[PDB]
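First, one chain by itself in structure tokens, the form deposited without the DNA.
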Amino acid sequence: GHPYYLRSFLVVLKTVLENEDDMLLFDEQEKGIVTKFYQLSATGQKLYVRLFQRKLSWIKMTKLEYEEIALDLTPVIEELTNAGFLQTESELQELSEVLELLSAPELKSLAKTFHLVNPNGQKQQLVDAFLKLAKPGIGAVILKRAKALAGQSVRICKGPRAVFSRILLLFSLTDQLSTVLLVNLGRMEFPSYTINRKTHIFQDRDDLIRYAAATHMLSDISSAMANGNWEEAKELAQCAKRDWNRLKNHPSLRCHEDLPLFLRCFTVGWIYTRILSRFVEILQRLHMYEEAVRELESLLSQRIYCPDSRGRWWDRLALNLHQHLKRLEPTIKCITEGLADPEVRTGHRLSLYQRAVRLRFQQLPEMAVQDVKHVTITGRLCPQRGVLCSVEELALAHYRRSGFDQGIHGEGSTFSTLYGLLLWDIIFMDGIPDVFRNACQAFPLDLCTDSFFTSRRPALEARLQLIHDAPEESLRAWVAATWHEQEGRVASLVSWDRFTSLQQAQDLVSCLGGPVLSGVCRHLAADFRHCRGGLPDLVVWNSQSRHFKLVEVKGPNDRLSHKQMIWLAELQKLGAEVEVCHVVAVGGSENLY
């Protein structure tokens, strides 16, 4: 079996069905769907999951026959049709769905039958031309010809699809979103921890329904922007917003504010707030700097959702009010109350202060960052199209010459791996409610919140101190104990391939020493998602002197962000040698293209 589809899908079902709290989020007819799936032949299931994992559409039978899923497809198709899982071309009625089935040559023919301008144009141009032209009923003739070219086609029924899609959603809350069917899930070993729920995330079936819907909406818009369709991301935002202004006053949402942050992010209101945030990003690309502000004030006006997205909101409110423009009178109105917001991280506090400095009151405060050592290195920029490496790979070579034979470009991951190795027991400890809810988590659900540290404070305080005052020998021992206990395998916070060997991990740890590791581990436990991002590109070290350097690499016209300046300062404060390594694009005279 060179797909993993059914295998992973079956593991997903097992994981979700285990929790009887979750299964009450489906009615009997819906759980009936799940029973029916199990009753299907192995082959019917292999086909269903394959269709289920890909983006939804009709599939030609010829395409299913060609990719050789069974010897005779007819009985499989019938089993699936009888069970309510699949529908056939008799139900295929929407012109746009039919056109989508067609190949480039097929569309080209249709175009000649119907005398379109450019029968040799792009598939999507031709499709749009057909749709536009489709208004004895001409659109009907087009539909009939097009259906005829398409041939027998199938499509998974939207009803059972939604059951499985919600099951898939329950399986991994937010931690291209169903790629889980693509990896070998069944082969993965998860950490040993105890499931322990106390608090429901979803009130009832409806709550999960609404959350699933909001989730799909956000994902459509997120992808639209990434492809560059800025016009076509604006209208669903407004569709969302219309719905949001009704939803925010819904009774089902009153319980969501009694959830700790680490569960609250798995609720509708959180999803809409993320929509509204994406919405603001849209207007900024569309030069509509007026309406963005109106939405930023509304986001900032509330403290229920996305508190970690406050600094970015104030920072954009200011930048918009500044160079977008009127009036320069209420920008500092926003900068001052921004600087008063305790949810705003140091990086955004700087960008706000850095703008208040631009001047003609202005009472407080005092923002200043320690400078770190800068270095310039030389390299040969390759043509955008026309031996042989990337910017960091280059820098590594410079440090190799400079004396640091060992080096790793892992960014934050190298440290979050050490962290996972040194704090495994605490990260996975029992007695914290709501934090492990199923058997397939790689971390506790509160890793990235203030709640992680507070719920484990005594163990962390003892452990962080144990590390700080530890001799090198102990550190090597701890890394080994975890490594061996988790067989270099269990799926977690630890990137088992980040290091060449347990031996290399042990060397790094003997160079960093207790104090530095403890400081970084303390940071990772206090604010994981933000510490990790701010950790520099490389760690390099000399194997004999045990000296090491943390190094950020900046290519030509690459700039140290505010966030990075702060974290380099924090690392330096812990006693680590820290350096910015600039690369200057230089000429060569000995190898062209």
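Counting begins at 1, following the sequence as shown.
Keep in mind that the form solved in complex with the DNA is not shown, yet the notes after this line are about it.
Q: Each of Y4, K108 and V183 having a non-hydrogen atom within 4.5 Å of the DNA in the deposited complex: is that the case here?
A: Yes, the whole trio is in contact, each within 4.5 Å by some heavy atom.
Q: Just one stretch in 514-522, 117-125, 455-463, 233-241 has heavy atoms within 4.5 Å of the DNA in the deposited complex, so which one is it?
A: Of the options, only 117-125 has residues within 4.5 Å of the partner.
Q: I need to confirm a contact call. Of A340, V369, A104, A148, which residue comes within 4.5 Å of the DNA in the deposited complex, counting heavy atoms only?
A: In short, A104.
Q: Does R50 make contact with the DNA in the deposited complex, using a 4.5 Å heavy atom cut-off?
A: Output for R50 is yes: heavy atoms within 4.5 Å of the DNA.
Q: Is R54 close enough to touch the DNA in the deposited complex, meaning at least one heavy atom pair within 4.5 Å?
A: So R54 counts as contacting the DNA.
Q: Would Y66 count as a contact of the DNA in the deposited complex, using a 4.5 angstroms cut-off between non-hydrogen atoms?
A: Yes.
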